[PDB]
There are 4 protein chains.
Amino acid sequence: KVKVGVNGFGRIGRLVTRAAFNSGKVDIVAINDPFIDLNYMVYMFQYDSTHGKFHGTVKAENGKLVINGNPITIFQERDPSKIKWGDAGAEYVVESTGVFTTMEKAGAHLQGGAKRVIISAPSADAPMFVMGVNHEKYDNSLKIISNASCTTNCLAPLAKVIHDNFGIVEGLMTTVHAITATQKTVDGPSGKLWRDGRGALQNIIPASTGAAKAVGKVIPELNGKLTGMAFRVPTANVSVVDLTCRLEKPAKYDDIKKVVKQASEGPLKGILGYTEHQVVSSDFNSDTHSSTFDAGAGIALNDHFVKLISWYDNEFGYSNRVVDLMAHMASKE
Amino acid sequence: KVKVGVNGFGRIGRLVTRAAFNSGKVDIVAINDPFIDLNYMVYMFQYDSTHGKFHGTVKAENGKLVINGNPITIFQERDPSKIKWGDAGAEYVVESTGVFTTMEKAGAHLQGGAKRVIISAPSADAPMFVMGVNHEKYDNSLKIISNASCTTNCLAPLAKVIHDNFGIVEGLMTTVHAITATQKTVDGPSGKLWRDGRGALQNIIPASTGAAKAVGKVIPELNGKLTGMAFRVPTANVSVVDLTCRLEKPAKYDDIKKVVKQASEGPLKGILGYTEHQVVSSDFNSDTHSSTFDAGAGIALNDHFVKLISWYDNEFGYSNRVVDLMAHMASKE
Amino acid sequence: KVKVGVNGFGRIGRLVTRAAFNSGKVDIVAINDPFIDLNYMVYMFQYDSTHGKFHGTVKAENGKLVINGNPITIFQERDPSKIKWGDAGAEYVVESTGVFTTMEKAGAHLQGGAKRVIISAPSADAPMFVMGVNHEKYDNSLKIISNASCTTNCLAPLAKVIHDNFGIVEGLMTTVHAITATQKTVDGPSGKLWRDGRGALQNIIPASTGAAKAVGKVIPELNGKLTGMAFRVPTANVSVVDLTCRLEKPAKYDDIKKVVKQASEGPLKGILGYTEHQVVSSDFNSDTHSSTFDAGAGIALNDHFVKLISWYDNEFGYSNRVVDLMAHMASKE
Amino acid sequence: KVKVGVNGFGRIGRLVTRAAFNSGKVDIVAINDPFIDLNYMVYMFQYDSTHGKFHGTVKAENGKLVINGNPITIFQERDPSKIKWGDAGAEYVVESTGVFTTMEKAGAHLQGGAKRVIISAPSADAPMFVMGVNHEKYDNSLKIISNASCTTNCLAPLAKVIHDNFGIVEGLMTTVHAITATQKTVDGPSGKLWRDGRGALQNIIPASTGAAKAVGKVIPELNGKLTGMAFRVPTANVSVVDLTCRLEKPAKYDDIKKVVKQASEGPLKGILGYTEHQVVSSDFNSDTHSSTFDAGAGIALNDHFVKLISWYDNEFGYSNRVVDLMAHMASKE
Ligand SMILES: NC(=O)c1ccc[n+]([C@@H]2O[C@H](COP(=O)([O-])OP(=O)(O)OC[C@H]3O[C@@H](n4cnc5c(N)ncnc54)[C@H](O)[C@@H]3O)[C@@H](O)[C@H]2O)c1
Ligand SMILES: NC(=O)c1ccc[n+]([C@@H]2O[C@H](COP(=O)([O-])OP(=O)(O)OC[C@H]3O[C@@H](n4cnc5c(N)ncnc54)[C@H](O)[C@@H]3O)[C@@H](O)[C@H]2O)c1
Ligand SMILES: NC(=O)c1ccc[n+]([C@@H]2O[C@H](COP(=O)([O-])OP(=O)(O)OC[C@H]3O[C@@H](n4cnc5c(N)ncnc54)[C@H](O)[C@@H]3O)[C@@H](O)[C@H]2O)c1
Ligand SMILES: [Zn+2]
Ligand SMILES: [Zn+2]
Ligand SMILES: [Zn+2]
Ligand SMILES: [Zn+2]
């Protein structure tokens, strides 16, 4: 129902578009990318090394990108304030380039007639939402918002359930994360982040992440109670979170399993998964959950100190949450 | 000085043999491996995908393996009780096949004339030793011992320093671990451990490990205070430990850095390393430390709750510790 | 329609089973594998790192493996002459273990009541067949046959078309081949084939193959005119043939493209594919063609000397050809 | 003797610098790279994922990069015509950015006082030289020259020997090539070469190359007689050439081995290697040969039609040839 524009046709832009057409919850009507012409867009959308060939039809016709017979207007503007979203009918714009994450910069899309802007990344100052956690705090006065990061969307739903039931005193998170586009095939320049320049095929690479701290924004009672770090490893997709936390109320591991499984079947269905299967990362490729609790992999030292494991398709889970968030916003109009 | 036999000419058997000849601390005089004949041993020892070509000479001569001009008796026995270690002059035997890790099974080497046996792996019942941590507890009545695991040798020196200075109330460990010979190139059978059969090149694979619990055997005061788990990831060598612990006495992260650095320059020199450089895993390939604390990668939530990161070459550090252990044993005879 | 037993539930056994149910062309009614019990079979068949979760249902019930509601008798015999195929109603048996590839050994399945045996690998003595090339030479007198290799199934249909139209004077093939189960995660023992023991993740590994020579068996006119070799590279699936040949009749590259495309739309439809897209190996993952000609990738030096490139999913193409061969056999009785 | 500046401190720029300090044949006195400042250069030079830590000392002092006690002037200019090479005493400049490969663009270094320029890549118009093949055709009138590509340096020495002894009528080349810095970690934009944008970890990627045709420039008698293509595969370093050629004179494979071994021990020593060992790509990491003939890997169809295999460390062999070529140029002044 709501008509959507996508700024950037990178991994996130293309998979948000894919999720939109797969789920049908929103209608994509425009895309902007200065570095990718129409014929090339067709190729990049249709073929995907990680998620396979698109399920449906894609073609160029009359200067438009036509996906499942739905024509999409293509822009090639470097300056977001110059994109004519309004003339194309785009109401919501997904800001997925990674370089306009502030209110100031993302807000440029409004000048072109966009009504609201969803930043598909953390923002220094735009309000952040995580589906299943605080999305009900959204309201119509908000024209520029953020859907946080893939890792925060993994951690927050699980932290919510654990905190609601047992109370997190403090927690430290590690994420073992699949490689991304910001990394390098061989040792190359990454001036602000030296480790991240090192060859991605050859190395386990430690990295900082604000994702754990960010959970404190979407779950205010956990402000200051979580932090963490990441390791990048040479897999193409799917990542995993390891949350080590101290609990205030006693929590037998079997009681933890019960409340997570109950959450996965009710209010967080589709967002927080639960499995007891002997899974490995490839079993979550193209999985649309934000977070899937791995009952078998986690371990408790005692009833107050536990390590909890949750898998996430860092591409597909997040992409589908952007769509879900827009669908929720549209329902509130 | 002490003459050594190696059972199992694998990753660890070969690299123990390299360490012995590179350091000169022990003399290898016999090798048994029923799945590698003499001419094949020359090839497997000389060329190493991970650590490069052997620096030295290796050839087959008169039915012996000759390394740097030293002849080595070669056995081809499946049954360890049948290996004639005594005839070859092997006084200590490194049990590095992976399949004889109880005192009962490893003790078979005594029937062929070995005086002592060092199991290159955790043992359900053999006393375990970690160089720098409890090796001075070894005494001459122990004919069969264990050098623990690569992961225990990483965690224990660091845990020793943290516990000695601040005390560890409780800790949970994750290791991000390189692939090993027990894993599979593509999805295949592993009936006792289903996740471990899944393709190692494609997957992040959670795995159980007793390594953190074993730290409580080499540091008795930590008995019951540590446990953990592992993720196998697609790198051919070098692993990393992530220790999340609660301290009984408060420490600023700078205090922790100070005492670890001091330990690495003094009593744990060569065993525990310390760095502030922007390292990645390949920077530790062929590094002979048991453990190298990564000061920049770690993070503290508060003065009592911290995540400490330490790197280890799981092949090369451990192999050198096996040699160091035997040298220390021989000094006690 | 024909009822089928599978000996060995491995990459090929499982994917033959998956192809049978996906296509519906034969009915699997029995499976034997001593190293994978019933509950483990469910897991190994349902989850696949390479091809994703099975599209359908799989469970254990009443001692049977049930796939899409169809019950399958499960055997656990090490000795093929003891498998009761007849009692389970299996008429054809796919011998996919890799260790019974001679007529003498594969013939053991006839003792337990199977009528015909199809060896899913080259055989020293069983007649070999490639669908689209010589399958019409099959006849009802043949009780034990071979479906050749994945590489032979890629090369032969392409060779057939080129030879039929232009005449191959001589040809040399290279295949760049994905890793397989016979390879090793780290440098390990492979006594008959030393290079194949070297770590698969770390190495390009040259290997001998009789695949090109074997084309001269399924296309007798090409006996002695083709041979080749392979390079194993660190990808989990999908391989590619590079055929360099001298042609007797002049052949502009556009003429080669024309006759290959024509073949792909006619007698070889589903076996030999044709593309002009800018493809890479992952675009062929789960592609059921034996061979897909890459028009853009090949190159001609002149009208008589050309290099032709053809892609193949070595797992899925071959599996589907085993099923197609059995369906063809069944149509003759 | 000759003093050298390096433009572009990348894989080749850094390894040229390493090769220069290791061999002592030339003196590096200046480096330009606008994307790598002085402190970062220390780090990038000292640590190398592929070739390990620099053996020697490296530090920043007084605004100079100091390698083994030798100070190097550091420039940060995007525009090559603005680099003050003369002031720094740099007589020859290695042009290794990958973006100034024509004589007109590379000639910009003369404006800042360089005397000669060596392009570390093929050039559309600069004369190309391969050490051991046509470097004696260099003369003092050539102020801007090219060292060709890594692949051309592998193929040309081998082709010289084969052509000299047996005569190459025609040949077709495939190179199975390690990934490079121009490739992408995950599917991303490569608008001119779509396949090259596809994830390098996940894919075998076909690519065009002028390397075989270029052999016809450095060996004029082979003009028009060779072409070829490449497959990029997921390994971080070391590549291999597969040369399929028709010979005019009969050449038993043992005779081919004889004359290649002879060349490797005499006129082409240090450039063309020869092995009969069971090698794999990692055995050539940091190998300084341009080309190493793999006797056991090649195969003959008959006396006039053969496939010859040669390995090359695409980073390290080539970097050493750049240094060798500059020292030879200096000897002609
Ligand atoms: N690889 C590491 O990082 C590492 C580190 C610490 C400890 N370990 C442990 O060392 C031991 C060996 O591990 P690995 O990585 O070297 O494995 P590996 O497979 O590379 O080597 C084991 C070997 O022993 C041989 N062997 C098998 N059965 C034998 C028998 N009956 N008699 C004699 N030889 C036999 C095999 O042919 C092979 O060479 C294991 O217990 C392992 O858990 C490994
Ligand atoms: N994987 C490919 O790309 C491919 C392609 C074409 C042909 N092939 C051929 O198919 C055959 C199987 O190859 P794979 O890739 O599936 O290897 P695999 O290791 O995955 O399969 C072998 C299976 O056979 C089982 N097995 C072993 N011994 C057995 C016995 N006595 N009785 C019953 N089952 C037994 C094993 O448990 C295993 O599951 C080989 O001959 C191979 O050359 C493989
Ligand atoms: N890597 C190989 O295997 C190999 C082998 C032979 C030749 N080459 C060729 O050598 C050249 C460099 O290749 P590479 O693999 O080292 O790539 P690279 O990306 O690792 O290095 C390029 C370097 O040049 C720098 N640079 C970019 N623009 C610059 C500018 N205007 N001025 C100064 N520096 C600039 C970059 O920061 C980078 O450090 C290319 O032409 C390549 O084709 C590469
Ligand atoms: Zn306190
Ligand atoms: Zn036979
Ligand atoms: Zn019938
Ligand atoms: Zn000084």
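Note that these values count all heavy atoms, side chains included, but never hydrogens, waters or copies made by symmetry. Every chain is numbered from 1, with letters handed out A, B, ... down the list of sequences. Order of appearance sets the numbers: ligands from 1, and atoms from 1 within every ligand.
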Which of the atoms in ligand 2, numbered in the order shown and given with their element, are less than 4.0 Å from a heavy-atom of C:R11?
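Result: 15 (O), 16 (O), 18 (P), 20 (O), 21 (O).
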C:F100 neighbourhood, listing ligand 2 atoms whose heavy-atom distance to it stays under 4.0 Å:
31 (N)
Does an N or O from [X], backbone or side chain, lie closer than 3.5 Å to an N or O of ligand 2?
X	result
C:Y318	no
C:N314	yes
B:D187	no
C:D33	yes
C:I12	yes

Is it true that C:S96 lies under 4.0 Å from ligand 2, counting heavy atoms only?
yes
Tell me whether ligand 2 is touched by C:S149 - counting only heavy atoms on the residue side and a distance under 4.0 Å.
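No; C:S149 lies far enough from ligand 2 that no heavy-atom distance drops under 4.0 Å.
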Considering heavy atoms of the protein only, find what lies nearest to atom 17 (O) of ligand 2 and give residue, atom and distance to 0.1 Å.
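I find the closest protein heavy atom is C:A181 CB, 4.0 Å.
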In the protein, which heavy atom is nearest to atom 21 (O) of ligand 2, and how far is it?
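Checked against all protein heavy atoms, atom 21 (O) of ligand 2 sits closest to C:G10 CA, 3.2 Å.
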Please determine whether a side-chain nitrogen of the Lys or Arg among [X] and [Y] lies less than 4.0 Å from a carboxylate oxygen of the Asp or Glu.
X	Y	answer
B:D255	B:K258	no
C:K53	C:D48	no
C:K3	C:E91	no

In D:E61, what N, O or S atom is nearest to the Zn ion (ligand 7), if we give its atom name?
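The Zn ion (ligand 7) is closest to the D:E61 atom OE2, counting only N, O or S.
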Looking only at non-hydrogen atoms, the one of C:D79, C:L15, C:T152, C:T97 nearest atom 35 (C) of ligand 2 is C:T97
So, C:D187 side chain and C:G199 main chain: donor-acceptor pair closer than 3.5 Å or not?
yes
Among C:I31, C:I36, C:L15, C:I67, the one residue meeting side-chain contact (heavy atoms from CB on, under 4.5 Å) with C:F45
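Of all the options given, the one that passes is C:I67.
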Any side-chain donor near an acceptor of the partner, C:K213 and C:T227, under 3.5 Å
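Result is no, nothing qualifies.
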Would you say CD of B:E221 has more than 12 non-hydrogen atoms from neighbouring residues, nucleotides or ligands within 6.0 angstrom?
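Not buried by this count: 12 neighbours or fewer within 6.0 Å.
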Answer yes or no: does atom NZ of A:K225 have more than 12 heavy-atom neighbours from other residues, nucleotides or ligands under 6.0 Å?
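12 or below, so no.
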